[PDB]
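Enquirer:
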Amino acid sequence: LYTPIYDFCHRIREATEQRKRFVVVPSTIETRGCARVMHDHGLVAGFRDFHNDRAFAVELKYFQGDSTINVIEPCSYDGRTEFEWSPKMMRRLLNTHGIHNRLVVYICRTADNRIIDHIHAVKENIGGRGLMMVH
Amino acid sequence: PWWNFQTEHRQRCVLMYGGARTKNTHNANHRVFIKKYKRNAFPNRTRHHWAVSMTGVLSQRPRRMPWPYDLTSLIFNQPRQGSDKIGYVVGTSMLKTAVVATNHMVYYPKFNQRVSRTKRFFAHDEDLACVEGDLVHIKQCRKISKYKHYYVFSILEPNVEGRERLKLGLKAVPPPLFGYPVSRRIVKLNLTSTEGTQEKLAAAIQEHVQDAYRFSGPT
Amino acid sequence: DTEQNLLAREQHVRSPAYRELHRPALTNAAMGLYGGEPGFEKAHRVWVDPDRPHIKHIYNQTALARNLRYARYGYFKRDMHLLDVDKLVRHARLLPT
Amino acid sequence: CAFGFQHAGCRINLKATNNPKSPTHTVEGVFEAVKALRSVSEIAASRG
Amino acid sequence: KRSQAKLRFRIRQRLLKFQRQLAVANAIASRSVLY
Amino acid sequence: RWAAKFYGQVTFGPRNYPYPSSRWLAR
RNA sequence: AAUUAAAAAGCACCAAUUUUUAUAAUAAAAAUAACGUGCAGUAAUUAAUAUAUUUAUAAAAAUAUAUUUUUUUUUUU
RNA sequence: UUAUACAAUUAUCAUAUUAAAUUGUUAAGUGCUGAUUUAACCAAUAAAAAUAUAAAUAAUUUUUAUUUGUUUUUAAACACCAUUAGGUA
Numbered sequence: 148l149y150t151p152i153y154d155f156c157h158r159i160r161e162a163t164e165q166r167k168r169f170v171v172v173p174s175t176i177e178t179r180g181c182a183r184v185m186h187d188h189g190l191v192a193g194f195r196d197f198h199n200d201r202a203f204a205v206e207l208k209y210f211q212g213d214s215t216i217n218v219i220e221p222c223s224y225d226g227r228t229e230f231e232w233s234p235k236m237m238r239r240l241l242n243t244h245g246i247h248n249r250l251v252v253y254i255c256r257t258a259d260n261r262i263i264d265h266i267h268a269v270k271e272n273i274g275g276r277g278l279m280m281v282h
Numbered sequence: 010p011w012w013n014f015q016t017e018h019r020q021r022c023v024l025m026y027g028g029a030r031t032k033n034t035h036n037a038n039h040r041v042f043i044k045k046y047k048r049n050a051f052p053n054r055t056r057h058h059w060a061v062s063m064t065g066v067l068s069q070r071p072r073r074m075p076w077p078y079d080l081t082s083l084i085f086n087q088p089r090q091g092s093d094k095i096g097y098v099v100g101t102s103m104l105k106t107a108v109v110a111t112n113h114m115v116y117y118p119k120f121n122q123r124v125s126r127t128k129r130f131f132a133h134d135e136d137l138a139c140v141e142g143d144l145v146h147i148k149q150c151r152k153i154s155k156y157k158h159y160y161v162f163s164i165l166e167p168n169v170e171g172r173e174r175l176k177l178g179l180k181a182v183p184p185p186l187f188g189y190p191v192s193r194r195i196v197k198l199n200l201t202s203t204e205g206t207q208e209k210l211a212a213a214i215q216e217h218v219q220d221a222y223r224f225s226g227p228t
Numbered sequence: 050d051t052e053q054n055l056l057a058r059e060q061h062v063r064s065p066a067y068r069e070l071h072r073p074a075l076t077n078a079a080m081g082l083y084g085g086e087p088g089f090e091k092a093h094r095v096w097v098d099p100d101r102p103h104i105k106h107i108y109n110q111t112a113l114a115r116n117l118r119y120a121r122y123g124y125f126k127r128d129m130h131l132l133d134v135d136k137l138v139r140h141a142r143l144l145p146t
Numbered sequence: 243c244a245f246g247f248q249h250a251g252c253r254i255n256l257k258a259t260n261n262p263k264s265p266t267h268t269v270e271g272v273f274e275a276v277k278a279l280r281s282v283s284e285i286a287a288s289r290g
Numbered sequence: 214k215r216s217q218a219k220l221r222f223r224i225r226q227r228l229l230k231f232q233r234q235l236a237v238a239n240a241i242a243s244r245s246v247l248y
Numbered sequence: 141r142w143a144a145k146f147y148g149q150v151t152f153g154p155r156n157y158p159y160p161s162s163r164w165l166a167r
């Protein structure tokens, strides 16, 4: 739609309600890294054609009727305005609402063009451009 | 505990003035605006003041601030802000003076976005080498004229088409057909003969007399 | 043969009706106050000759003083008895065949 | 307290309703929000 | 509060239908009829 | 239908009598 | 003797204001509120909405277009 | 403390969704293709710089629809208001 993170979240959010097995999402640098981080945390069952430089399929994960991915949202909620997260923002995202948050996964892209979640971002004291959240 | 910058600013104010600030500065006062002029007869031609206008250059809403992170800060290491600039030559109508349009960034934290504003500078070129269309790198210097405190340090990209048009005896850039108008009244172009200019003049003066009749209002 | 038409154009330019019709825009000090008075809060109607313009940049693209739409054919159909058809062919928009 | 949620926070906005002073709207909203809440064990079982 | 408003809606609907019938019987009682 | 014939016969004051105005009546 | 809240709406009356004037003299006198209705009906009368024009039944009426309203025995990329 | 204004209306800041469509006089069809009919010859028009992150990369233009003007043996007709004939369009 606007940015590939926005339609990458939009197609998964629309295909998890329709109870589909594979979602064809366009592969960019910031998209397949977010998908790999989602696969690491257990929100995605697998991938098809992951080495394709244009688009790849996400094999979704289901458990007892309902979907694993409940809420998936981009950081650019307008599709236009982007944000730069400080490491103070990453430590806020790790301890949000007074608890310790390994539940909701906030993903960012650092200055070294590596896509990491907020836990590894707090672990090595860096931030980045925030891409999306998913739980 | 780690104190913030407001503690250091309060310390500076205490060491300068002996005290930080006289309290009860808000006072919760109702600023009442009373009207004096008529409904559509405010004595101004552009901006008609009818509300309590806030005064302040950086203490107003929505809040702006300069954004120091741009192309110039990425390229040039500057001794101070505004020392080196990079822009485009837009006017060479004056001798030894290139008009350079440059850009800077101003940040809105409420909408969280930076926007590029444009500032025009007068720079100095002694040998008359700057043509309209050159990407130039200008630097601060002494006062040369009343509005010249910059000089063209380097021509980062010369306009080859402008120089080849100047070799042809033409202008460097063809002049624009649009620009600034002279009035809010729609400037109509007169297409009349040699003999039919008097009746066109009578129609124009009659239209001006009707616009003066608008002073009377009703009836 | 061209001296007659050139001298006629040069004498038409220096006529007082042409110089009165193509006067510049009246300033704010010439109209009156800072404003509030109807009819004198703006300038008056300015007429330009497209071949010998007394202003630079006849047209503009502003929000309120936008005048490119008023240069098209049809606004000069009001006065065709006084019209100059060579100036109509050279300077008009959306002329028919 | 009827659900046993002592460590919780709830905020209801009723301005987009036709009748914001209706008393069933607040209890209906709290029950619909608590019904849509997933536990930590359910999410951890869904993820593996 | 809307259920009492629907009851007022149906009673006003009943009297707006037979308004011309009831206006005569009040006018005979108030002795206002132009013969 | 015989009772509605006298509605044009009454005076304008006590004509619309359960309501103050005659504009919002059934026309 | 039926079904009916799925919100159709904000010439006069009511003092946010506004209008007029002084000719060798230069502002205090008069008038006017702003806004919406407004008895205009029937005949078991009467499709509605939007735009434009003309008539003092003007809160009305007429004319010229467009859109919608069909309850299944006509159509189905 | 809305940093959110539920729908439909009262009103102002206003891009006509286009190969199914628009225009055609010097090109076509033409009694104004829409009475029949979800389908209409030919001609012009479907895509064509970098960038998607880039912090406005774009323009200041047009009217296919409704009225109203523009000319007088200068529409024969058809339709409309004065009643059978004038004008009006």
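Chains as they are written, first to last, in PDB author numbering: chain CH, 148 to 282; chain CQ, 10 to 228; chain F7, 50 to 146; chain CE, 243 to 290; chain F1, 214 to 248; chain Cn, 141 to 167. Yeah, the Cβ is synthetic: ideal placement off N, Cα and C, and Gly gets one too.
(1) Between the C-alpha atoms of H71 (chain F7) and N199 (chain CQ), what's the straight-line distance to the nearest angstrom?
(2) Can you find a C-beta in chain CH that's less than 8 Å from the C-beta of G290 (chain CE)?
(3) Under DSSP, the alpha helix (DSSP H) around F273 (chain CE) begins and ends at which residues?
(4) May I ask which residues mark the beginning and end of the beta strand (DSSP E) holding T101 (chain CQ)?
(5) For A213 (chain CQ), which option in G226 (chain CQ), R194 (chain CQ), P227 (chain CQ), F224 (chain CQ) has the closest C-alpha, if you only look at C-alpha atoms?
(6) Check this for me: beta carbons of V169 (chain CQ) and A107 (chain CQ), under 8 Å apart or not?
(7) With a cut-off of 8 Å, does the C-beta of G100 (chain CQ) fall near any C-beta of chain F7?
(8) Hey, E206 (chain CH) and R195 (chain CH) are a contact pair by Cβ (cut 8 Å); roughly how many whole angstroms apart?
(9) Over what stretch of residues does the alpha helix (DSSP H) that includes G180 (chain CH) continue unbroken?
(10) Buried or exposed: which applies to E90 (chain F7), given that a residue is buried once 16 or more other Cβ atoms fall within 10 Å of its Cβ?
(11) Identify whether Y116 (chain CQ) lies in helix, strand or coil by the three-state DSSP scheme.
(12) For residue 2 (chain CQ), which option in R89 (chain CQ), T81 (chain CQ), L104 (chain CQ), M103 (chain CQ) has the closest C-alpha, if you only look at C-alpha atoms?
(13) List, in chain order, every chain CQ residue whose beta-carbon is nearer than 7 Å to that of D50 (chain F7).
(14) By the criterion of Cβ-Cβ separation under 7 Å, what are the contact partners of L82 (chain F7) in chain CQ?
(15) Can you have a look at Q110 (chain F7) and say buried or exposed, based on whether 16 or more other CB atoms are within 10 angstroms of its CB?
(16) To be precise: take each residue of the region 267-280 of chain CE, compare its Cβ to all Cβ atoms of chain CH, and keep it if any distance is under 7 Å. Which residues remain?
(17) Would a C-beta distance cut-off of 8 Å place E231 (chain CH) and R179 (chain CH) closer than the cut-off?
(18) Return the chain-ordered list of same chain residues with a C-beta closer than 7 Å to the C-beta of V251 (chain CH), the five sequence neighbours on each side being excluded.
(19) Specify whether the region 62-79 of chain CQ and the region 113-122 of chain CQ touch according to this definition: at least 3 beta carbon pairs, one from each stretch, less than 8 Å apart.
(20) Evaluate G251 (chain CE) with the Cβ neighbour count: other Cβ atoms within 10 Å of its Cβ, from every protein chain shown; 16 or more gives buried, anything less gives exposed.
(21) Less than 8 Å between the C-beta atoms of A202 (chain CH) and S223 (chain CH), yes or no?
(22) Taking the straight line between their C-alpha atoms, what separation do you get for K270 (chain CH) and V145 (chain CQ)?
(23) From which residue to which residue does the alpha helix (DSSP H) around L240 (chain CH) run?
(24) According to the neighbour-count rule (16 or more other Cβ atoms, all chains shown, within 10 Å of its Cβ), is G142 (chain CQ) buried or exposed?
(25) Consider the C-beta atom of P184 (chain CQ) and the heavy atoms of the ligand HEM; say whether any pair is separated by less than 7 Å.
(26) Quick test of your reading: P99 (chain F7) and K136 (chain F7), contact by CB under 8 Å. State the CB separation rounded to the nearest angstrom.
(27) Spell out the partners DSSP gives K128 (chain CQ) in its beta bridges.
(28) Would you check if the distance between the CB atom of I219 (chain CH) and the CB atom of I263 (chain CH) is smaller than 8 Å?
(29) Going along chain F7, which residues have a C-beta under 7 Å from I84 (chain CQ)?
(30) Can you tell which of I43 (chain CQ), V66 (chain CQ), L179 (chain CQ) has the C-alpha that lies nearest to the C-alpha of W59 (chain CQ)?
(31) Can you tell which of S281 (chain CE), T268 (chain CE), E284 (chain CE) has its C-alpha closest to the C-alpha of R253 (chain CE)?
(32) Classify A240 (chain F1) as buried or exposed, calling it buried when 16 or more other Cβ atoms lie within 10 Å of its own Cβ.
(33) What does the Cβ neighbour count give for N261 (chain CE), buried or exposed, with the cut at 16 atoms within 10 Å?
(34) Across the region 78-85 of chain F7 and the region 34-54 of chain CQ, are there enough close Cβ pairs to call them in contact, namely three or more that are closer than 8 Å?
(35) For the alpha helix (DSSP H) containing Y153 (chain CH), name the first residue and the last one.
(36) Spell out the partners DSSP gives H146 (chain CQ) in its beta bridges.
Expert: The answer reads as follows:
(1) Between the alpha carbons of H71 (chain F7) and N199 (chain CQ) lies a distance of about 9 Å.
(2) Among the CB atoms of chain CH, one or more fall inside 8 Å of the CB of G290 (chain CE).
(3) The continuous alpha helix (DSSP H) containing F273 (chain CE) extends over residues 266-277.
(4) First-last of the beta strand (DSSP E) with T101 (chain CQ): 93-103.
(5) The residue among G226 (chain CQ), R194 (chain CQ), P227 (chain CQ), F224 (chain CQ) with its C-alpha nearest the C-alpha of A213 (chain CQ) is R194 (chain CQ).
(6) It is not a contact, given that the beta carbons lie outside the stated cut-off.
(7) With 8 Å as the cut-off, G100 (chain CQ) does not count as an interface residue toward chain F7.
(8) Between the beta-carbon of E206 (chain CH) and that of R195 (chain CH) there is about 6 Å, and that keeps the pair under the 8 Å contact cut.
(9) Note, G180 (chain CH): alpha helix (DSSP H), 176-187.
(10) Counting Cβ neighbours within 10 Å, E90 (chain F7) comes out buried, since at least 16 surround it.
(11) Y116 (chain CQ) falls in the strand class under three-state DSSP.
(12) Nothing about residue 2 (chain CQ) can be reported from this structure: the residues present for chain CQ run from 10 to 228 only.
(13) Identification of chain CQ residues near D50 (chain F7) by a Cβ-Cβ cut-off of 7 Å yields none; the smallest Cβ-Cβ distance measures about 17 Å.
(14) Under the 7 Å cutoff, chain CQ gives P52.
(15) Classification of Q110 (chain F7): exposed, given that the 10 Å Cβ count is below 16.
(16) Of all residues in the region 267-280 of chain CE, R280 have a Cβ within less than 7 Å of some Cβ in chain CH.
(17) Their beta carbons are not under 8 Å apart, which means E231 (chain CH) does not touch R179 (chain CH) by this criterion.
(18) Excluding residues within five positions, the ones whose Cβ falls inside 7 Å are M280, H282.
(19) Taking 8 Å as the limit for Cβ pairs, the verdict is that the region 113-122 of chain CQ does touch the region 62-79 of chain CQ.
(20) A residue is called buried when at least 16 other Cβ atoms come within 10 angstroms of its Cβ; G251 (chain CE) does not meet this threshold and is exposed.
(21) For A202 (chain CH) and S223 (chain CH), no; Cβs fall outside 8 Å.
(22) If you take the alpha carbons of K270 (chain CH) and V145 (chain CQ), they lie about 45 Å apart.
(23) Going by DSSP, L240 (chain CH) is part of the alpha helix (DSSP H) stretching over 234-241.
(24) Burial is judged here by how many other beta carbons sit within 10 angstroms of a residue's own beta carbon; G142 (chain CQ) has at least 16 and is buried.
(25) The ligand HEM is absent from the structure shown, which contains no ligand whatsoever.
(26) With a Cβ gap of about 7 Å, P99 (chain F7) and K136 (chain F7) count as contacting.
(27) In the DSSP assignment, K128 (chain CQ) forms a beta bridge with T111 (chain CQ).
(28) The criterion of a C-beta distance shorter than 8 Å is not satisfied by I219 (chain CH) and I263 (chain CH).
(29) In chain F7, no part has a C-beta under 7 Å from the C-beta of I84 (chain CQ); the shortest such distance is about 34 Å.
(30) When each option's Cα is compared against that of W59 (chain CQ), the closest is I43 (chain CQ).
(31) Nearest to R253 (chain CE) by C-alpha distance, out of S281 (chain CE), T268 (chain CE), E284 (chain CE), is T268 (chain CE).
(32) Under a 10 Å Cβ-count criterion, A240 (chain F1) is classified as buried, with 16 or more other Cβ atoms of the shown protein chains found around its own Cβ.
(33) With a 10 Å radius around the Cβ and a threshold of 16 neighbouring Cβ atoms, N261 (chain CE) comes out exposed.
(34) The region 78-85 of chain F7 vs the region 34-54 of chain CQ: in contact.
(35) Note, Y153 (chain CH): alpha helix (DSSP H), 151-164.
(36) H146 (chain CQ) pairs with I95 (chain CQ), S163 (chain CQ).
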